[PDB]
There are 2 protein chains.
Amino acid sequence: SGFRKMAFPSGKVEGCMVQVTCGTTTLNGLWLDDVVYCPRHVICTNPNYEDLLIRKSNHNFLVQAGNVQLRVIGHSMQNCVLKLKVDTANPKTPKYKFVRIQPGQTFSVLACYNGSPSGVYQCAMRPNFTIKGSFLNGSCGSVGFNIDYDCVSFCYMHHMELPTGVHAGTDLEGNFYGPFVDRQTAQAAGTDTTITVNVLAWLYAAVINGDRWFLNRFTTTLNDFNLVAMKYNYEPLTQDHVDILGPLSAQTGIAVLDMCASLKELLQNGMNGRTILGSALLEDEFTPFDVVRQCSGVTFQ
Amino acid sequence: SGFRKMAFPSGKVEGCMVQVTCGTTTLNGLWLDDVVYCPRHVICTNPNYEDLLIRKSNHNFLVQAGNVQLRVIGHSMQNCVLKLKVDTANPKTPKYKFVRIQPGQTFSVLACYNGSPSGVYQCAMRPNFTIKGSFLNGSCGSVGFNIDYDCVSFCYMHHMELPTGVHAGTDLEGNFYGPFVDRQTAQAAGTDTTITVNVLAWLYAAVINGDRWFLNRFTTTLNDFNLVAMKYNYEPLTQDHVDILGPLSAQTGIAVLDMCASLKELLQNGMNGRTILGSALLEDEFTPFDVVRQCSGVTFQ
Ligand SMILES: *[C@H](O)[C@H](C[C@@H]1CCNC1=O)NC(=O)[C@H](CC(=C)C)NC(=O)[C@@H](NC(=O)OCc1ccccc1)C(C)C
Ligand SMILES: *[C@H](O)[C@H](C[C@@H]1CCNC1=O)NC(=O)[C@H](CC(=C)C)NC(=O)[C@@H](NC(=O)OCc1ccccc1)C(C)C
């Protein structure tokens, strides 16, 4: 037992991380087959990236795979990412996919500087399409991902930090998550909400792990719960979310709408100096899958 | 900016993980050079491990490195770990050290099942020599570690779960952390305390990240703070801890004893519905080093 915010093993991604330097900007790139993907704002000089890229030549891009130099033999733009064709295919290329995730889903971030991995952590895509990451200057180009057996699904590439200290980025096709642009003009995150289905998943994790103090036999209808959700800035719960929680409900014997009544009481009353899985807040960055994966012990390779 | 519970990149350790099966027990081993290290309780049949090991032969130990089979050519006991000599040296062996950590220090855990990594997370060695991990049956032999540039310092191997759902294990020389034994007789964790120097480090992280609401100009003496610490089951703060916090104090301009006065008030008053770095509790599983590493961006390889 126990419950931790747990990231995927990062080895498969570490082997894809390279350094990309152009002019005076250094950031990280993702080296898959014979292409290096990186944020287009690496390109030199309110910007017009099509302008800036035609003035650029292959030899302007310094790509370093650890120590070995990578010769760039072509370049192109795809939305907000740059694709640098290099003359060597990464021999460590995993089975991979480029997937775009939904708000409320989680992924692991391999934070990198100068092409070298610094640390791994888990987070969620917020309803407002930001992520609450940990990123310093030089971290751009770090990626987020999920692993399913042996396949890496890349879902995020880091581009910027917004004024509230939250982070914004693209999928690996270069399309931003949310209404953000890779310009340094004034932009703001937009109002966020709590990911209700994840909070319920985490309450099931707590029951699986022996925290039961918040349980009751008060029940509720989906409609009556959603009136309470709206009041506390929680996202609406759908019948699909109820279905997705089915397995956890079956494992614990607590009906989904019964757990909703527990959450209603927690929202209206607080926790009264108590904790749930070591937290004094209702945690919303664990998906139902994350809970099942971590309380049945699924592995990868 | 941002602040996350962040683990070391796990690639270097993933390449050392193997599966060890003997009789009907399967668990994980650590493959370094031509030795596989694993918990001695893998051995077949209130146990006497010296008895049990002399009855054992090399061919009883089934060691699997992914798909490739590893031929065991010798075995010996070292305290509570078994050392299985195999006929092949792990070509992925990193630069490594076996270090024993102190209560209050942190490390990354690569949770494994059947020799395959499942996830990575960070935790601390508690003052009572347990760890609050996330471990299910089959996870024994998973290791904890820190990385310093290119060198892996292994500090923990997982052995058991105690009745409160916390975890106990050994260093890589096979010596238990704390007063625990690898028998399934009744054992209990012992009363824990909060790691004061880490809470102060985390408050400095909060200031570095823009949370300042808990600050004040009330100051305190080390002696007067430690009277408050004892009352709230916090560990004593030493002059050495004050020195260790020096750099963070210098970076933020908040004297260590001034931050102690802030912590005094937080302990006596609570947080009054507010949060610090996304938590409604005082967090104690970040060391001063963890804070500096994550707010200056140190990397590894
Ligand atoms: C790439 O390594 C960095 C990573 C960035 C540095 C600190 N934390 C991070 O995640 N990214 C950048 O430097 C980008 C470059 C870009 C093309 C936009 N710039 C930023 O992240 C700035 N953010 C920004 O300009 O957002 C819009 C904005 C909002 C409010 C006022 C002005 C502009 C950031 C460093 C200030
Ligand atoms: C190895 O894969 C497992 C990992 C364990 C399973 C569930 N979570 C874990 O971390 N370890 C064991 O099965 C060990 C074997 C051993 C040599 C002691 N057994 C346990 O972890 C049991 N713990 C235990 O017996 O602790 C002492 C105790 C305390 C109270 C009553 C009786 C015994 C655990 C599975 C019950």
# chains A, B, ... in the order shown; residues from 1 in each chain; ligands from 1
$ residues_near_ligand --ligand "ligand 1" --cutoff "8 Å" --atoms "only C-alpha atoms and all ligand atoms" --output "PyMOL selection string"
(chain A and resi 26-28+39-42+134-141+158-163+167-168+181-188) or (chain B and resi 1)
$ residues_around --residues "region 100-103 of chain A" --least-positions-apart "4" --cutoff "9 Å" --atoms "only C-alpha atoms" --output "VMD selection string"
chain A and resid 107 124 to 130 153 to 156 170 to 173 177 195
$ residues_around --residues "residue 245 (chain B)" --least-positions-apart "5" --cutoff "8 Å" --atoms "only C-alpha atoms" --output "number ranges by chain"
B: 197, 201, 256, 288
$ calpha_fit_and_write --fixed "chain B" --moving "chain A" --output "tab-separated table (two decimals) with C-alpha atoms, in the first residue's frame"
chain	number	residue	atom	x	y	z
A	1	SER	CA	9.37	28.73	-11.26
A	2	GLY	CA	7.01	26.19	-9.69
A	3	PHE	CA	7.89	23.54	-7.12
A	4	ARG	CA	7.23	19.82	-7.51
A	5	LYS	CA	8.17	16.67	-5.68
A	6	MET	CA	10.75	15.69	-8.26
A	7	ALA	CA	12.65	12.43	-8.63
A	8	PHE	CA	15.95	11.81	-10.34
A	9	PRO	CA	15.83	10.51	-13.92
A	10	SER	CA	15.64	6.76	-13.53
A	11	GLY	CA	17.26	5.47	-16.74
A	12	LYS	CA	20.57	4.52	-15.11
A	13	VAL	CA	18.75	2.40	-12.55
A	14	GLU	CA	16.25	0.87	-15.00
A	15	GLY	CA	19.16	-0.79	-16.77
A	16	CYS	CA	20.18	-2.57	-13.54
A	17	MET	CA	16.82	-4.07	-12.68
A	18	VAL	CA	16.34	-7.83	-13.09
A	19	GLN	CA	13.87	-10.46	-11.92
A	20	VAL	CA	14.90	-13.08	-9.35
A	21	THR	CA	12.74	-16.16	-8.83
A	22	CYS	CA	13.48	-18.96	-6.37
A	23	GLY	CA	10.94	-21.62	-5.39
A	24	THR	CA	7.63	-19.79	-5.49
A	25	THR	CA	8.93	-16.29	-4.59
A	26	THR	CA	9.54	-13.71	-7.31
A	27	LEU	CA	11.06	-10.33	-6.57
A	28	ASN	CA	13.47	-7.80	-8.03
A	29	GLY	CA	17.23	-7.76	-8.07
A	30	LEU	CA	19.87	-5.13	-8.74
A	31	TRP	CA	22.43	-6.18	-11.35
A	32	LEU	CA	25.79	-4.39	-11.03
A	33	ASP	CA	28.93	-5.76	-12.69
A	34	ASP	CA	28.64	-9.56	-12.27
A	35	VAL	CA	26.56	-9.53	-9.04
A	36	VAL	CA	22.79	-9.46	-8.51
A	37	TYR	CA	21.70	-8.04	-5.13
A	38	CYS	CA	18.30	-8.96	-3.71
A	39	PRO	CA	16.48	-9.39	-0.36
A	40	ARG	CA	17.56	-12.60	1.34
A	41	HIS	CA	13.98	-13.53	2.09
A	42	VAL	CA	13.70	-14.79	-1.48
A	43	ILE	CA	15.28	-17.99	-0.15
A	44	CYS	CA	12.89	-20.98	0.31
A	45	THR	CA	11.29	-21.95	3.73
A	46	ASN	CA	10.35	-17.38	11.91
A	47	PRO	CA	13.19	-18.27	9.53
A	48	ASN	CA	16.88	-19.17	9.92
A	49	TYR	CA	18.45	-17.77	6.78
A	50	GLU	CA	21.82	-19.45	7.27
A	51	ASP	CA	19.99	-22.79	7.53
A	52	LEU	CA	17.96	-22.05	4.46
A	53	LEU	CA	20.84	-20.86	2.30
A	54	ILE	CA	23.15	-23.86	2.73
A	55	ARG	CA	20.28	-26.06	1.40
A	56	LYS	CA	20.11	-23.97	-1.68
A	57	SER	CA	22.00	-24.49	-5.01
A	58	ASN	CA	22.98	-22.05	-7.75
A	59	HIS	CA	20.41	-23.51	-10.16
A	60	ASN	CA	17.58	-22.79	-7.70
A	61	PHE	CA	17.91	-19.07	-8.55
A	62	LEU	CA	16.17	-18.03	-11.78
A	63	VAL	CA	17.54	-14.61	-12.80
A	64	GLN	CA	16.00	-12.90	-15.83
A	65	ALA	CA	17.40	-9.71	-17.37
A	66	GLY	CA	14.42	-8.73	-19.48
A	67	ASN	CA	14.36	-11.81	-21.69
A	68	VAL	CA	17.96	-13.00	-21.40
A	69	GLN	CA	18.61	-15.63	-18.72
A	70	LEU	CA	21.43	-15.04	-16.25
A	71	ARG	CA	23.39	-18.08	-15.11
A	72	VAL	CA	24.09	-17.95	-11.37
A	73	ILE	CA	27.62	-19.21	-10.61
A	74	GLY	CA	27.77	-18.49	-6.88
A	75	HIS	CA	25.79	-17.08	-4.00
A	76	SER	CA	26.50	-15.61	-0.58
A	77	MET	CA	24.71	-13.74	2.20
A	78	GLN	CA	25.63	-10.25	3.32
A	79	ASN	CA	23.49	-9.23	6.32
A	80	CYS	CA	19.92	-9.15	4.93
A	81	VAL	CA	20.84	-9.10	1.21
A	82	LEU	CA	21.78	-12.00	-1.04
A	83	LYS	CA	24.62	-11.57	-3.53
A	84	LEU	CA	24.13	-13.78	-6.61
A	85	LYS	CA	27.27	-14.08	-8.70
A	86	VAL	CA	26.30	-14.41	-12.37
A	87	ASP	CA	28.44	-15.27	-15.36
A	88	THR	CA	27.75	-11.99	-17.22
A	89	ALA	CA	28.65	-8.44	-16.20
A	90	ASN	CA	25.83	-5.96	-16.74
A	91	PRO	CA	27.01	-3.84	-19.69
A	92	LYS	CA	24.71	-1.04	-18.48
A	93	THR	CA	26.41	-0.76	-15.07
A	94	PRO	CA	26.63	2.93	-14.11
A	95	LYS	CA	29.28	4.55	-12.00
A	96	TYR	CA	27.85	3.78	-8.56
A	97	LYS	CA	28.37	3.88	-4.79
A	98	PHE	CA	26.62	2.21	-1.85
A	99	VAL	CA	25.81	4.93	0.68
A	100	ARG	CA	23.74	4.86	3.83
A	101	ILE	CA	21.56	7.91	4.33
A	102	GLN	CA	20.45	9.74	7.51
A	103	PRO	CA	16.89	10.27	8.69
A	104	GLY	CA	15.68	13.44	7.09
A	105	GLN	CA	17.43	12.84	3.76
A	106	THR	CA	15.55	12.23	0.52
A	107	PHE	CA	15.94	9.78	-2.37
A	108	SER	CA	14.15	8.53	-5.47
A	109	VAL	CA	12.46	5.13	-5.54
A	110	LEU	CA	12.16	3.11	-8.75
A	111	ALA	CA	9.22	0.83	-7.94
A	112	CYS	CA	9.54	-2.46	-9.84
A	113	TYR	CA	7.55	-5.66	-10.34
A	114	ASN	CA	8.93	-8.83	-11.99
A	115	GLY	CA	12.13	-6.94	-12.80
A	116	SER	CA	10.23	-4.27	-14.81
A	117	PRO	CA	10.07	-0.64	-13.63
A	118	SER	CA	6.55	0.64	-12.85
A	119	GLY	CA	7.13	4.22	-11.68
A	120	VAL	CA	9.47	6.67	-9.97
A	121	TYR	CA	8.83	8.82	-6.94
A	122	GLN	CA	10.64	10.84	-4.29
A	123	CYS	CA	10.58	10.30	-0.56
A	124	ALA	CA	12.39	10.87	2.70
A	125	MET	CA	13.85	8.61	5.33
A	126	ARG	CA	11.65	9.38	8.33
A	127	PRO	CA	13.15	10.12	11.78
A	128	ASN	CA	11.81	6.71	12.84
A	129	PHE	CA	13.69	4.96	9.94
A	130	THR	CA	10.60	4.06	7.92
A	131	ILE	CA	9.65	5.46	4.57
A	132	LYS	CA	6.20	6.36	3.33
A	133	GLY	CA	6.42	4.57	0.01
A	134	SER	CA	4.03	3.04	-2.50
A	135	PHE	CA	4.71	-0.70	-2.66
A	136	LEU	CA	2.61	-3.76	-3.45
A	137	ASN	CA	3.43	-7.45	-3.23
A	138	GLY	CA	6.29	-8.22	-5.61
A	139	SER	CA	7.99	-4.85	-5.13
A	140	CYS	CA	10.72	-6.14	-2.82
A	141	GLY	CA	14.17	-5.53	-4.20
A	142	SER	CA	13.19	-2.17	-5.67
A	143	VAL	CA	15.85	0.38	-4.79
A	144	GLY	CA	16.15	3.99	-3.73
A	145	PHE	CA	18.94	6.22	-4.96
A	146	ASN	CA	20.37	9.68	-5.56
A	147	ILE	CA	22.38	10.83	-8.57
A	148	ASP	CA	25.40	13.14	-8.46
A	149	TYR	CA	26.48	14.09	-11.95
A	150	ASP	CA	26.99	10.62	-13.45
A	151	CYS	CA	27.23	8.51	-10.27
A	152	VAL	CA	24.32	6.60	-8.74
A	153	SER	CA	24.45	6.42	-4.94
A	154	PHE	CA	22.22	3.50	-4.01
A	155	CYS	CA	20.88	3.98	-0.49
A	156	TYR	CA	17.84	1.72	-0.04
A	157	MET	CA	16.52	-1.73	-0.94
A	158	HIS	CA	12.88	-2.52	-0.19
A	159	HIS	CA	11.99	-5.46	2.09
A	160	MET	CA	8.69	-5.08	3.97
A	161	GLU	CA	5.52	-3.22	4.88
A	162	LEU	CA	4.66	-2.41	8.50
A	163	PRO	CA	1.10	-2.40	9.88
A	164	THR	CA	0.56	1.37	9.47
A	165	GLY	CA	1.20	1.05	5.73
A	166	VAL	CA	4.75	2.39	5.91
A	167	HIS	CA	7.81	0.66	4.58
A	168	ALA	CA	11.12	-0.66	5.85
A	169	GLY	CA	14.26	-1.79	4.12
A	170	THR	CA	18.03	-1.94	4.13
A	171	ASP	CA	21.01	-0.15	2.75
A	172	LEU	CA	22.75	-2.01	-0.08
A	173	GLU	CA	25.10	-3.67	2.38
A	174	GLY	CA	22.00	-5.42	3.75
A	175	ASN	CA	21.79	-3.53	7.05
A	176	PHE	CA	18.28	-2.46	8.05
A	177	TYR	CA	17.32	1.14	8.54
A	178	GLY	CA	15.85	1.18	12.04
A	179	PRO	CA	14.97	-1.58	14.49
A	180	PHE	CA	13.31	-3.89	11.97
A	181	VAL	CA	14.01	-7.50	11.00
A	182	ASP	CA	13.04	-9.48	7.92
A	183	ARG	CA	10.74	-11.78	9.87
A	184	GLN	CA	6.95	-11.75	9.66
A	185	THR	CA	6.54	-11.38	13.42
A	186	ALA	CA	4.79	-8.40	14.94
A	187	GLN	CA	6.79	-5.18	14.48
A	188	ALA	CA	5.72	-1.54	14.70
A	189	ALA	CA	7.06	1.71	13.28
A	190	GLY	CA	7.66	3.73	16.45
A	191	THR	CA	6.68	7.38	17.04
A	192	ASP	CA	7.71	9.77	14.27
A	193	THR	CA	8.57	13.49	14.32
A	194	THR	CA	8.57	16.27	11.70
A	195	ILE	CA	11.87	17.13	9.99
A	196	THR	CA	12.21	20.78	11.02
A	197	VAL	CA	15.14	21.81	8.80
A	198	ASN	CA	13.23	20.50	5.76
A	199	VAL	CA	10.09	22.45	6.65
A	200	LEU	CA	12.22	25.60	6.82
A	201	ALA	CA	13.81	24.74	3.46
A	202	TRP	CA	10.34	24.37	1.94
A	203	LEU	CA	9.28	27.75	3.35
A	204	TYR	CA	12.30	29.26	1.58
A	205	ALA	CA	11.18	27.50	-1.59
A	206	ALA	CA	7.79	29.15	-1.14
A	207	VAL	CA	9.34	32.61	-0.81
A	208	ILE	CA	11.53	32.00	-3.87
A	209	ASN	CA	8.29	31.11	-5.68
A	210	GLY	CA	6.22	34.10	-4.48
A	211	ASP	CA	4.34	32.78	-1.42
A	212	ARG	CA	5.12	35.37	1.26
A	213	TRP	CA	1.96	35.63	3.38
A	214	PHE	CA	3.44	33.72	6.32
A	215	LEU	CA	6.39	36.11	6.71
A	216	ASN	CA	6.80	38.54	9.64
A	217	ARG	CA	9.49	40.51	11.54
A	218	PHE	CA	8.93	38.72	14.81
A	219	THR	CA	12.24	37.03	15.37
A	220	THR	CA	13.28	34.34	17.81
A	221	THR	CA	16.30	32.76	19.40
A	222	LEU	CA	17.27	29.23	18.49
A	223	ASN	CA	16.52	28.22	22.08
A	224	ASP	CA	13.05	29.77	22.11
A	225	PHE	CA	12.19	28.19	18.77
A	226	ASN	CA	13.25	24.73	19.97
A	227	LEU	CA	10.85	24.99	22.93
A	228	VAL	CA	8.07	25.45	20.36
A	229	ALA	CA	9.44	22.64	18.15
A	230	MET	CA	9.37	20.13	21.01
A	231	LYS	CA	5.75	21.01	21.80
A	232	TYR	CA	4.62	20.29	18.22
A	233	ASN	CA	6.66	17.06	17.85
A	234	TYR	CA	9.24	18.74	15.58
A	235	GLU	CA	12.87	17.71	15.65
A	236	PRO	CA	15.30	20.11	17.34
A	237	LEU	CA	16.94	22.63	15.06
A	238	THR	CA	20.72	22.75	15.42
A	239	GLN	CA	23.23	25.45	14.66
A	240	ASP	CA	24.38	23.11	11.88
A	241	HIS	CA	20.89	23.20	10.33
A	242	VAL	CA	20.99	27.01	10.57
A	243	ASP	CA	24.32	27.02	8.71
A	244	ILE	CA	22.97	24.62	6.05
A	245	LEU	CA	20.08	27.03	5.41
A	246	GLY	CA	22.55	29.93	4.95
A	247	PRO	CA	22.48	30.01	1.14
A	248	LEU	CA	18.67	30.00	0.99
A	249	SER	CA	18.62	32.72	3.66
A	250	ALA	CA	21.10	34.74	1.60
A	251	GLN	CA	19.13	34.28	-1.62
A	252	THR	CA	15.85	35.44	-0.08
A	253	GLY	CA	17.15	37.99	2.42
A	254	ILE	CA	15.19	36.32	5.23
A	255	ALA	CA	17.35	35.41	8.22
A	256	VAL	CA	17.07	31.79	9.38
A	257	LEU	CA	15.81	32.77	12.82
A	258	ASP	CA	13.26	35.06	11.14
A	259	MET	CA	11.89	32.12	9.17
A	260	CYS	CA	11.81	30.19	12.47
A	261	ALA	CA	9.54	32.89	13.87
A	262	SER	CA	7.29	32.42	10.84
A	263	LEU	CA	7.19	28.68	11.47
A	264	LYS	CA	6.43	29.29	15.16
A	265	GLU	CA	3.38	31.34	14.14
A	266	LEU	CA	2.29	28.74	11.59
A	267	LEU	CA	2.54	26.05	14.26
A	268	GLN	CA	0.59	28.08	16.83
A	269	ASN	CA	-2.04	29.54	14.48
A	270	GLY	CA	-2.42	27.25	11.51
A	271	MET	CA	-2.66	28.40	7.92
A	272	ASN	CA	-6.15	29.95	8.23
A	273	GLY	CA	-7.51	28.46	5.02
A	274	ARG	CA	-4.43	29.47	3.01
A	275	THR	CA	-1.91	27.30	1.17
A	276	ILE	CA	1.86	27.24	0.69
A	277	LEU	CA	3.18	25.83	-2.60
A	278	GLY	CA	-0.14	24.14	-3.19
A	279	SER	CA	-0.21	22.39	0.20
A	280	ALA	CA	-2.43	22.97	3.22
A	281	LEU	CA	0.15	21.24	5.47
A	282	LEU	CA	3.74	22.05	6.38
A	283	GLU	CA	5.82	19.86	4.05
A	284	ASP	CA	8.94	18.17	5.43
A	285	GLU	CA	10.20	15.86	2.63
A	286	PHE	CA	12.30	18.49	0.81
A	287	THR	CA	15.89	18.98	1.98
A	288	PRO	CA	17.74	22.29	1.64
A	289	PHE	CA	19.68	20.63	-1.21
A	290	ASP	CA	16.45	19.58	-2.93
A	291	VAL	CA	15.29	23.21	-2.82
A	292	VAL	CA	18.54	24.63	-4.19
A	293	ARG	CA	18.73	21.91	-6.86
A	294	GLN	CA	15.20	22.56	-8.06
A	295	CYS	CA	15.54	26.69	-7.86
A	296	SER	CA	18.88	26.84	-9.69
A	297	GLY	CA	18.29	24.00	-12.14
A	298	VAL	CA	21.10	21.51	-11.53
A	299	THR	CA	21.23	18.65	-14.05
A	300	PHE	CA	22.89	15.24	-14.21
A	301	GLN	CA	24.38	12.74	-16.66
$ select_by_dssp --residues "region 71-249 of chain A" --states "helix (DSSP H, G or I)" --output "PyMOL selection string"
chain A and resi 196-208+222-231+239-244+246-249
$ write_last_selection --atoms "N, CA, C and O atoms" --output "compact mmCIF listing (two decimals), in the first residue's frame"
# COMPACT_ATOMS: atom_id res chain seq x y z
N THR A 196 -13.20 17.15 -11.00
CA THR A 196 -14.05 16.40 -10.07
C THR A 196 -13.82 14.89 -10.14
O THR A 196 -13.71 14.23 -9.09
N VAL A 197 -13.79 14.32 -11.36
CA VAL A 197 -13.66 12.86 -11.47
C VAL A 197 -12.35 12.41 -10.83
O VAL A 197 -12.30 11.34 -10.23
N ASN A 198 -11.29 13.22 -10.93
CA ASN A 198 -10.01 12.87 -10.31
C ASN A 198 -10.10 12.93 -8.79
O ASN A 198 -9.50 12.10 -8.09
N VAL A 199 -10.80 13.92 -8.24
CA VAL A 199 -10.94 13.97 -6.79
C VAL A 199 -11.63 12.71 -6.31
O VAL A 199 -11.20 12.09 -5.33
N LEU A 200 -12.68 12.28 -7.04
CA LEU A 200 -13.37 11.05 -6.63
C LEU A 200 -12.44 9.84 -6.73
O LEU A 200 -12.41 8.99 -5.83
N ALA A 201 -11.64 9.77 -7.80
CA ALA A 201 -10.67 8.69 -7.93
C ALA A 201 -9.74 8.64 -6.73
O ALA A 201 -9.44 7.57 -6.21
N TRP A 202 -9.25 9.81 -6.30
CA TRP A 202 -8.32 9.89 -5.19
C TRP A 202 -8.99 9.49 -3.87
O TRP A 202 -8.35 8.87 -3.01
N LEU A 203 -10.26 9.83 -3.70
CA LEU A 203 -11.00 9.33 -2.53
C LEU A 203 -11.10 7.81 -2.54
O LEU A 203 -11.00 7.16 -1.48
N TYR A 204 -11.29 7.20 -3.71
CA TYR A 204 -11.25 5.73 -3.78
C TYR A 204 -9.87 5.20 -3.44
O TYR A 204 -9.74 4.18 -2.76
N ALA A 205 -8.82 5.88 -3.91
CA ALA A 205 -7.47 5.49 -3.50
C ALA A 205 -7.33 5.52 -1.99
O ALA A 205 -6.67 4.65 -1.40
N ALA A 206 -7.93 6.52 -1.34
CA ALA A 206 -7.81 6.65 0.10
C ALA A 206 -8.48 5.48 0.79
O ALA A 206 -7.91 4.89 1.71
N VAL A 207 -9.68 5.11 0.31
CA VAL A 207 -10.38 3.96 0.89
C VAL A 207 -9.58 2.68 0.68
O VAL A 207 -9.43 1.87 1.61
N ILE A 208 -9.04 2.48 -0.52
CA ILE A 208 -8.23 1.30 -0.79
C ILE A 208 -7.06 1.25 0.18
O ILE A 208 -6.62 0.16 0.59
N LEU A 222 -26.95 12.40 -9.26
CA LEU A 222 -25.97 13.11 -10.07
C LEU A 222 -26.34 14.58 -10.22
O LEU A 222 -25.48 15.46 -10.13
N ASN A 223 -27.64 14.87 -10.41
CA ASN A 223 -28.05 16.25 -10.58
C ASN A 223 -27.77 17.06 -9.32
O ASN A 223 -27.21 18.16 -9.39
N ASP A 224 -28.15 16.52 -8.16
CA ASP A 224 -27.97 17.26 -6.91
C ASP A 224 -26.50 17.44 -6.56
O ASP A 224 -26.12 18.46 -5.97
N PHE A 225 -25.66 16.47 -6.92
CA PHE A 225 -24.23 16.67 -6.71
C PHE A 225 -23.70 17.79 -7.59
O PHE A 225 -22.90 18.62 -7.14
N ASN A 226 -24.15 17.85 -8.85
CA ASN A 226 -23.59 18.83 -9.78
C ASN A 226 -23.97 20.26 -9.39
O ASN A 226 -23.22 21.20 -9.71
N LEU A 227 -25.11 20.45 -8.71
CA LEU A 227 -25.41 21.76 -8.13
C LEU A 227 -24.36 22.16 -7.10
O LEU A 227 -23.99 23.33 -7.00
N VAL A 228 -23.90 21.19 -6.30
CA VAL A 228 -22.87 21.48 -5.31
C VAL A 228 -21.52 21.70 -5.99
O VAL A 228 -20.79 22.64 -5.64
N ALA A 229 -21.19 20.88 -6.99
CA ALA A 229 -19.96 21.07 -7.75
C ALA A 229 -19.85 22.49 -8.31
O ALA A 229 -18.83 23.16 -8.13
N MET A 230 -20.90 22.96 -9.00
CA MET A 230 -20.82 24.29 -9.59
C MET A 230 -20.51 25.34 -8.53
O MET A 230 -19.73 26.27 -8.78
N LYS A 231 -21.11 25.20 -7.35
CA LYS A 231 -20.94 26.22 -6.31
C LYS A 231 -19.49 26.30 -5.85
O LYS A 231 -19.01 27.39 -5.55
N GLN A 239 -22.27 11.23 -16.57
CA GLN A 239 -22.50 9.79 -16.50
C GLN A 239 -21.29 9.01 -17.01
O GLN A 239 -21.03 7.90 -16.52
N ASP A 240 -20.54 9.57 -17.97
CA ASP A 240 -19.33 8.88 -18.43
C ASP A 240 -18.30 8.78 -17.31
O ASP A 240 -17.67 7.73 -17.14
N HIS A 241 -18.10 9.87 -16.56
CA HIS A 241 -17.21 9.82 -15.40
C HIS A 241 -17.67 8.76 -14.39
O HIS A 241 -16.84 8.05 -13.80
N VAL A 242 -18.98 8.68 -14.14
CA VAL A 242 -19.51 7.66 -13.24
C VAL A 242 -19.14 6.27 -13.74
O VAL A 242 -18.65 5.43 -12.98
N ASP A 243 -19.33 6.02 -15.04
CA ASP A 243 -18.95 4.73 -15.61
C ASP A 243 -17.46 4.45 -15.44
O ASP A 243 -17.06 3.33 -15.10
N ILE A 244 -16.62 5.45 -15.70
CA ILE A 244 -15.17 5.28 -15.61
C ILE A 244 -14.75 4.91 -14.19
O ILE A 244 -13.76 4.18 -13.99
N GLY A 246 -16.47 3.03 -12.24
CA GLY A 246 -17.08 1.75 -11.96
C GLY A 246 -16.17 0.74 -11.29
O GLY A 246 -16.47 0.23 -10.21
N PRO A 247 -15.04 0.42 -11.93
CA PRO A 247 -14.10 -0.54 -11.33
C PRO A 247 -13.66 -0.19 -9.91
O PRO A 247 -13.64 -1.06 -9.04
N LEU A 248 -13.32 1.08 -9.65
CA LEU A 248 -12.93 1.46 -8.30
C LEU A 248 -14.11 1.33 -7.34
O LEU A 248 -13.94 0.92 -6.18
N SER A 249 -15.31 1.67 -7.81
CA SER A 249 -16.51 1.48 -7.00
C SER A 249 -16.72 0.00 -6.69
O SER A 249 -17.07 -0.36 -5.56
$ select_by_dssp --residues "region 32-277 of chain B" --states "strand (DSSP E)" --output "ChimeraX atom specification"
/B:32,35-39,61-65,68-70,72-78,81-86,95-98,106-113,116-124,143-148,151-161,167-170
